Amino acid sequence: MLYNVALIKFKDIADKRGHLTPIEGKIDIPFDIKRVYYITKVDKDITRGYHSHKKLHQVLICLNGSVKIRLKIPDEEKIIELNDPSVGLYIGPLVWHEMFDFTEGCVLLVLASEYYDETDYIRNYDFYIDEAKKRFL
Amino acid sequence: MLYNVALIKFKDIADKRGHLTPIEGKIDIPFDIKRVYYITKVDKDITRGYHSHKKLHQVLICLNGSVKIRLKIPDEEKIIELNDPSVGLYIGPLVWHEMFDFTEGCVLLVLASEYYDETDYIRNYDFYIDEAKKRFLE
Ligand SMILES: Cc1cn([C@H]2C[C@H](O)[C@@H](COP(=O)(O)OP(=O)(O)O)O2)c(=O)[nH]c1=O
Ligand SMILES: Cc1cn([C@H]2C[C@H](O)[C@@H](COP(=O)(O)OP(=O)(O)O)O2)c(=O)[nH]c1=O
């Protein structure tokens, strides 16, 4: 099984006016929201991501259509489809992830605990594996 | 627009892999983000909203499809259509708004300066007007 990952369930307020989910920082997720970002209009043959973070905490949420997330740590690979706006996928440090099968109209929103910092990314898989092994085995 | 309202333009990092817009609190919007919420799956005939806030700062953003925002202060109305994920509509305190014409698959994201507080809502239009009149009138 897979360390440093959780699925977080949010409130979904649904009636004849539609659906509404609220997320309060440190309350419905464990961290303060310093930054958000969202991905839209990804062609269906694209795989995005391919990175890890040393310090950042993030929660991924698919608010329209569907997207699959491949999560890896050494010797373990999991795939989680996200297709319910009221479920968040929490990814801690040193998990490697990849996002693919973006459906038509898909919207991926990420909530993040720090401002964008290029030095906090690991983008080379061989460097990731090296660093992750020190933690995991 | 009106008083206390602005359209804000965000980075759209667009390439062969798609679009990505990042928003950092205090930086790309003028406040720190304590709460987000998002509305989805609204039927074509629904209007929602129907309120103002005294303290809350907010930024509205349509991430898919299209949705119209009706903004009111006393004796002035403007209608803004949201249809670009790279454009946010900032609404400050003492502005009444309603949301309507949510298209099929519309997603409306709201960034908010404070945690949900029902006492900061004004939900009755006449009360809204009485309070707002204080603010805006000579
Ligand atoms: C996530 C994010 C990316 N960017 C920029 C950094 C990169 O140059 C570019 C592409 O992001 P990248 O992290 O490579 O994409 P993904 O997670 O979708 O695979 O966007 C920001 O400026 N701010 C941000 O918050
Ligand atoms: C916005 C929001 C609403 N809610 C709850 C309380 C309200 O009764 C309901 C939201 O409806 P309301 O704000 O009245 O609707 P809209 O903005 O779409 O017109 O859900 C929260 O618990 N937290 C929140 O942040």
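Every chain is numbered from 1 and lettered A, B, ... according to where its sequence line falls, protein lines coming before strand lines.
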Self-check item: Full working for side chain to side chain contact (heavy atoms under 4.5 Å, CB included) between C106(B) and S66(B)
Solution: CA-CA 6 Å; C106(B) 194; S66(B) 182; over 6 Å; no
Quiz item: Do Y121(A) and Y116(A) have ring centroids that are under 6.0 Å from one another?
Solution: yes
Exercise. Determine, for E118(A) against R123(A), whether the closest basic-nitrogen to carboxylate-oxygen distance falls under 4.0 angstrom.
Key: yes
Quiz item: Any sub-3.5 Å donor-acceptor pair from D101(A)'s side-chain atoms to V67(A)'s backbone N or O?
Solution: no
Exercise. Could you tell me whether the side chain of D120(A) and the main chain of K55(A) form a donor-acceptor pair under 3.5 Å?
Key: yes
Quiz item: Sub-3.5 Å donor-acceptor pair from the side chain of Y115(A) to the main-chain atoms of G25(B), do we have one?
Solution: yes
Exercise. Check for a donor-acceptor pair, side chain of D12(B) on one end and backbone N or O of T21(B) on the other, with a separation under 3.5 Å.
Key: no
Quiz item: Do any N or O atoms from the side chain of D84(B) and from the backbone of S86(B) form a donor-acceptor pair under 3.5 angstrom?
Solution: yes
Practice problem: Kindly work out whether a path of hydrophobic side-chain contacts (I/L/V/M/F/W/Y, heavy atoms less than 4.5 Å apart) joins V95(B) to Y37(B). | Solution: yes
Practice problem: Tell me, yes or no, whether the heavy-atom count around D75(B) atom CG, taken from other residues, nucleotides or ligands under 6.0 Å, exceeds 12. | Solution: no
Quiz item: Can you tell which of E114(B), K34(B), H51(B) makes a side chain to side chain contact (heavy atoms under 4.5 Å, CB included) with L56(B)?
Solution: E114(B)
Practice problem: Please say whether more than 12 non-hydrogen atoms of neighbouring residues, nucleotides or ligands are located less than 6.0 Å from CD in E81(B). | Solution: yes
Self-check item: CA sep, side-chain torsions, deciding dist, call: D32(A), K26(A), salt bridge (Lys or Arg N to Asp or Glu O under 4.0 Å)
Solution: CA-CA 5 Å; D32(A) 269 319; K26(A) 305 189 294 200; 3.3 Å; yes
Quiz item: Hey, is NZ on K9(B) packed in by over 12 heavy atoms from elsewhere, all under 6.0 Å?
Solution: yes
Quiz item: Should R48(B) and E98(B) count as an ion pair when the cut-off is N to O under 4.0 Å?
Solution: no
Quiz item: Any donor-acceptor pair under 3.5 Å linking the side chain of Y38(A) with the backbone of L109(B)?
Solution: no
Quiz item: Counting distance only, does the side-chain N/O of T103(A) pair as donor-acceptor with the main-chain N or O of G65(A) below 3.5 Å?
Solution: no
Quiz item: Relative to each other, are the rings of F31(A) and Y90(A) parallel, tilted or perpendicular (30° and 60° limits)?
Solution: tilted
Quiz item: Taking 4.0 angstrom as the limit, do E77(A) and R70(A) come out as a salt bridge?
Solution: yes
Quiz item: Can you tell me if CD on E76(B) sees more than 12 non-hydrogen neighbours from other groups inside 6.0 Å?
Solution: no
Self-check item: Name of the residue among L108(B), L82(B), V42(B) meeting side chain to side chain contact (heavy atoms under 4.5 Å, CB included) with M99(B)
Solution: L108(B)
Quiz item: Would one find more than 12 heavy atoms of other residues, nucleotides or ligands at under 6.0 Å from atom NZ of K41(A)?
Solution: no
Exercise. Determine the minimum heavy-atom distance between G88(B) and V59(B), stating which atoms define it.
Key: CA-CG1, 3.9 Å
Self-check item: Shortest non-hydrogen contact between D126(A) and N124(A), atoms and distance
Solution: N-OD1, 2.9 Å
Quiz item: Transitively linked via ILVMFWY side-chain contacts under 4.5 Å: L89(B) with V87(B)?
Solution: yes
Exercise. Assess whether atom NZ of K54(B) is packed by more than 12 heavy atoms of other residues, nucleotides or ligands within 6.0 Å.
Key: yes
Quiz item: Are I23(B) and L63(B) connected in the hydrophobic side-chain network, where two residues link if heavy atoms are under 4.5 Å apart?
Solution: yes
Quiz item: Should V36(A) and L20(A) be counted in the same cluster of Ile, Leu, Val, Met, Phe, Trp and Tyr side chains packed under 4.5 Å apart?
Solution: no
Self-check item: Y128(A), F127(A), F136(A) screened by ring pair (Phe, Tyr, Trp, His ring centres under 6.0 Å) with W96(A), the one that passes
Solution: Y128(A)
Quiz item: If only atom types and distance count, is the side chain of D15(B) paired as donor or acceptor with the main-chain N or O of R17(B) below 3.5 Å?
Solution: yes
Exercise. Anything under 30° is parallel, anything over 60° is perpendicular, the rest tilted; go ahead and classify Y3(B) against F136(B).
Key: parallel
